[PDB]
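Take a look at this single chain in structure tokens; it is the form solved without 3-hydroxybenzoic acid.
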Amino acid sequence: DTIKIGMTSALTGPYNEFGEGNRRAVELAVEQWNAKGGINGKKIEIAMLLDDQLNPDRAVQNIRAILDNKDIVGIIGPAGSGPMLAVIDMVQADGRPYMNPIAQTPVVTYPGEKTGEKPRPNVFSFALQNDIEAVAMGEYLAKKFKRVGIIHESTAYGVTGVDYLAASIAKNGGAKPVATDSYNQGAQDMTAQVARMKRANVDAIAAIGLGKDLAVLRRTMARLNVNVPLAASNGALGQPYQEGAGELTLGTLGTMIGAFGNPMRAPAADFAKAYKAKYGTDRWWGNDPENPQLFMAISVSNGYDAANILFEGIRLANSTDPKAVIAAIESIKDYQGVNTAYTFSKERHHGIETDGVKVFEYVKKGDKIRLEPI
């Protein structure tokens, strides 16, 4: 028989770069492990694959349906702080191994608010956490800019992200942000928010949120003739950003998981080869056939690392018993993942650290705007 896993994520809708990218990631992994026998001779199947569109209510309905199935031995959870936090108690109760690929809110994994101390026992995160992200972004802004304005989405991703970022700015001796506010995902009117910035004479605007929404922010900026550097979070720089913003992406900068920047580590380099072999120069690869785009780390290979690690836990436990698998994953030290080396412990359930992140900026060559290392 088989190893059955469940998965729900934003497969359709405004934020489907995450869910569908992660879906692709997991399928490829399954194939790879499957080509060589499965996990200790047991073929892996994604028995339940569900779409929540990044909606928290749908996530719950989807996780309810997955948990109900007794044959599922593990889960790749949804993209989004909303979906994740919404389902997190149901999952912690059930107690089967649960991979958080994307959601950056620290309490998702460490309810005790101490990163690397007292995690939810069955939750393993492949996110770039907000407090971790705040370090690089905090530093860059606190040295480059005088009055920063911050805008963020209303979910925990935006909420925590800002407290982590404002603080990281203070810590690097930068001045407290001259303007702040939240929007709710989907919000079309940010003129209100971009006007507060414009009137606050910001040096720059830092945004924590997602591509579709970031694009609106930037278009609102040009509409209000507020043209200053836009410093985005990793998740903001997705495909919808550039499609919505077009050539106005020039001058947007961001912190990003750097797995696909040159020079790549071997496993990032090898993954890229397998990905193109399977999917081609697709939406996630991007429009350079020679170079996979940077955003793949947060849209695809986190899903990849999550799958491979879950499978590795099973391989090492020699069972599908949750508590066992949980323990096994904790055995895994020095795992060379695509996005980072993984070294879990009974108390450390995340992997990515600042060395996996750099600051990039949209710059142009000829008539072509490219992300490049700061």
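Start at 1 with the first residue shown and count on from there.
Just so it is clear, the following notes concern the form deposited with 3-hydroxybenzoic acid bound, a form of the same protein that is not shown.
Under a 4.5 angstroms non-hydrogen atom cutoff, 3-hydroxybenzoic acid in the deposited bound form has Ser81 among its neighbouring residues. In the deposited bound form, no heavy atom of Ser301 sits within 4.5 Å of 3-hydroxybenzoic acid. Proximity of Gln104 to 3-hydroxybenzoic acid in the deposited bound form: non-hydrogen atoms within 4.5 Å are present.
In the deposited bound form, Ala206 stays away from 3-hydroxybenzoic acid, with no heavy atom inside 4.5 Å.
The chain is drawn here without 3-hydroxybenzoic acid; in the deposited bound form, the stretch among 262-270, 118-126, 195-203, 95-103 whose residues come within 4.5 Å of it by any heavy atom is 95-103. This chain is displayed alone, yet in the deposited bound form one of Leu210, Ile76, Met137, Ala297 has a heavy atom within 4.5 Å of 3-hydroxybenzoic acid; that residue is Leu210.
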